[PDB]
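K.L.:
Any chance you can model this:
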Amino acid sequence: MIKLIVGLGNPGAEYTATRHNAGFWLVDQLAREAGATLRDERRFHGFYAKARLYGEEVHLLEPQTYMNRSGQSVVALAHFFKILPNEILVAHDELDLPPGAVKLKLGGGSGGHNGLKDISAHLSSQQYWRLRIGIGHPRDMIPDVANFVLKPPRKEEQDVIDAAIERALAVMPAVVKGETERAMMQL
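P.N.:
Numbering: from 1, shown residues only. Okay, here it is:
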């Protein structure tokens, strides 16, 4: 049963529409849906809310550390509330899935993602859940990943990513209740 949902991204107005902020998009929309207000919480190095989701108390977090320091934020909260990696869901952009795909997975390595790398380092564990939001890969369109994720999705990509995030929001009841197989079937 998930007690913390983290969305990954970079801080500041300039980064808000970039692919690397896909996780923030999901958590922003989840917060709105739940009537929760994300507020700056210095203890957790990011924006934070204690949300009521489908009858459960669930912490929501968007680290404001820059992507590669996201672990400082996650571990501060996890240690404070005594949350285990298996009770954490991290929503992030996934290069290895196409735009419009979303998947739920426990563990699986970082896939080169610097936010995941830092979270796994600070938790001393990769064994947290991920909501992998497909953004595609820069090789896909050919007959530099660092700069690819710092651009917004193309309009046609954004449309299918938005619909995938909606599908992910719709499986949150199953995620927060620990109904993994249900969530995967629906997703």
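K.L.:
From residue 19, how far off is the residue located most distally from the centre of the chain?
P.N.:
Residue farthest from the centre of the chain, counting by CA atoms, centre = their mean, is residue 143 at 31.0 Å. Per CB to CB, to the nearest Å, residue 143 is found 22 Å from residue 19. (Each C-beta comes from the backbone N, C-alpha and C, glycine too.)
K.L.:
isn't there a helix covering residue 92?
P.N.:
No: applying DSSP: H, G, I helix; E, B strand; the rest coil, one finds residue 92 to be strand, outside a helix.
K.L.:
Quick check: beta-bridge partners of it?
P.N.:
Beta-bridge pairing for residue 92 (DSSP bridges): residue 132.
K.L.:
Quick check, it in contact with residue 113.
P.N.:
Yes: Residue 92 sits in contact with residue 113 when judged by CB atoms under 8 Å, with a separation of 6.2 Å.
K.L.:
Buried residues, the longest helix along the chain. List them.
P.N.:
Across the chain, the longest stretch assigned as helix under DSSP state H is helix 155-176. Buried residues in helix 155-176, defined by neighbour count with 16 or more other CB atoms under 10 Å: 157-158, 161, 164-165, 168-169, 171-176.
K.L.:
Which strands and helices lie in contact with that helix?
P.N.:
Counting contacts by 3 or more CB pairs under 8 Å, 6 or more residues apart in numbering; DSSP states H and E, helix 155-176 is packed against helix 22-34, strand 46-53, strand 102-106, strand 129-134, helix 180-186.
K.L.:
Need the winner for burial among these.
P.N.:
Per-stretch averages of neighbours, counted by mean count of other CB atoms under 10 Å, single out strand 129-134 among the helices and strands packed on helix 155-176, with a mean of 25.
K.L.:
Kindly format the C-alpha coordinates of it as PDB.
P.N.:
C-alpha atoms of strand 129-134 as PDB (Å, rounded to 0.1, in the frame of the first residue of the first chain):
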ATOM      1  CA  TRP A 129       7.500   1.400  -7.500                       C
ATOM      2  CA  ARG A 130       7.700   3.500 -10.600                       C
ATOM      3  CA  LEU A 131       5.100   5.000 -12.800                       C
ATOM      4  CA  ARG A 132       7.000   5.100 -16.100                       C
ATOM      5  CA  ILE A 133       5.500   7.800 -18.400                       C
ATOM      6  CA  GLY A 134       6.700   7.200 -22.000                       C
END
